[PDB]
């Protein structure tokens, strides 16, 4: 009897969605954590069947969405959330959306979960290059994109079965330089990729939980479109031109590998950056 929390959703054009579709294939209950600023739009959009098409699985199954909670990766507990976001139009008429508040809500309603997905990123200044990034700007990126992963584990470790599994999405910009991947994201993902290891050790030895990370090719998600003729269009162009696998990478191409990593079928794998990127990661020089 299986439950998965997915932290990081605001639409259906991302990897979290990809991941939720493939998990559904093996009958796993999905709990979405939506960033509060878009929680209400996402919810109204759901009710109104915008995703009814996107919720279909090959074999005549609905995606089994157990619940849909506001979730904000920038605050660990209730006592971390500041006054300005306390007023905030959007945040104001929701509650219990810190990391710890949602680890509780979920636990409260459905018991122990046993799969966890970190699928979120923010870098206020992704626009700028690493050199022109401000401290405040850089640290937000690390807080929201890297630390949040640790913070999830701490709070969710307590509501997880043993032999549970955690994942997290990463990008190659942390190993090799991609110009334009600014704001400290590259920085942020390096730490993620390393924290993944150290967590794998603490989580592995103490609770017998596994944690891994998926290094993803480029997908024209709502968030990648925000980066920028958008660098995501160029990343996909190059990738489909040059990657050893000449096909088009789909969000479920990631979903399947994730479903695998969240399953027992992978009990011997932990602390791994796993590359799901049509093989681009292995190339040095272009063919032309």
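Positions refer to the first chain, counted from 1.
Look at the stretch from residue 228 to residue 229 and count the residues of the deposited sequence that the entry does not model, then pick none, 1 to 3, 4 to 9, or 10 or more.
Missing residues, residue 228 to residue 229: 10 or more.
Return whichever of 200 to 208 and 92 to 100 has the greater mean Cα B factor according to the PDB record.
Here the higher of the two C-alpha B-factor means belongs to 92 to 100.
Going by the mean C-alpha B-factor recorded in the entry, which is higher: 261 to 269 or 274 to 282?
Mean C-alpha B-factor is greater for 261 to 269.
Just grab whichever of 72, 125, 80, 195 has the top CA B-factor as deposited.
By C-alpha B-factor in the record, 80 ranks first.
Check the PDB entry and point out which of 172, 86, 135, 161 has the largest C-alpha temperature factor.
Each of 172, 86, 135, 161 was compared by C-alpha B-factor; the highest is 86.
Just say lowest, middle or highest third for the CA B-factor of residue 57 relative to the other modelled residues in its chain.
It falls in the top third of the chain.
Looking at the entry's B-factor column for C-alpha atoms only, identify whether residue 255 ranks in the lowest, middle or highest third of its chain.
Lowest third.
Taking only the Cα B-factors deposited for this chain, tell me whether residue 16 sits in the lowest, middle or highest third.
Within its chain, residue 16 is a middle-third residue by C-alpha B-factor, going by the deposited values.
Just say lowest, middle or highest third for the CA B-factor of residue 183 relative to the other modelled residues in its chain.
Its C-alpha B-factor, which the entry lists for residue 183, ranks in the middle third among residues of this chain.
Check where residue 119 lands among this chain's C-alpha B-factors and tell me if it's the lowest, middle or highest third.
According to the entry, residue 119 has a C-alpha B-factor in the chain's middle third.
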